[PDB]
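Only one chain is given next, in structure tokens, and it is the form solved without the DNA.
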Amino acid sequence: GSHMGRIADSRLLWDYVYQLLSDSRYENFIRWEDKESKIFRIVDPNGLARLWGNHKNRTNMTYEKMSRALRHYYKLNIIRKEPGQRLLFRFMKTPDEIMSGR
């Protein structure tokens, strides 16, 4: 009974999001709501999803579909929705590990 049952790959979404967060000044679709607490707030889910769709060259991409990917991040304790906030997302796992890990 005990063996590998769920083998699921991860997505590069987090990087493109951070990329947009770094140059968010002209986008304003998403920005940090709290830098040190690792909390970011989605201002426009449509624009964010549109940019993802544009960059991967696919038509009709919306936050509805993106949410499925976020569900993968929740269970891995990467992205959090802090109790009481639905549009606020917090990093439980931090990119610091990647930068100083590589």
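Residue indices: 1-based, along the sequence shown.
What comes next is about the form solved in complex with the DNA, which is not displayed.
When contacts are defined as a non-hydrogen atom within 4.5 Å, none of 32, 39 and 92 contacts the DNA in the deposited bound form. Heavy atoms of residue 50 never reach within 4.5 Å of the DNA in the deposited bound form, leaving it off the interface. Proximity of residue 13 to the DNA in the deposited bound form: non-hydrogen atoms within 4.5 Å are present.
Contact check for residue 60: a non-hydrogen atom falls within 4.5 Å of the DNA in the deposited bound form. At the 4.5 Å threshold, heavy atoms of residue 25 stay clear of the DNA in the deposited bound form, well away from it. Shown without its partner, the chain has 45, 46 in segment 24-48 as residues with a non-hydrogen atom within 4.5 angstroms of the DNA in the deposited bound form.
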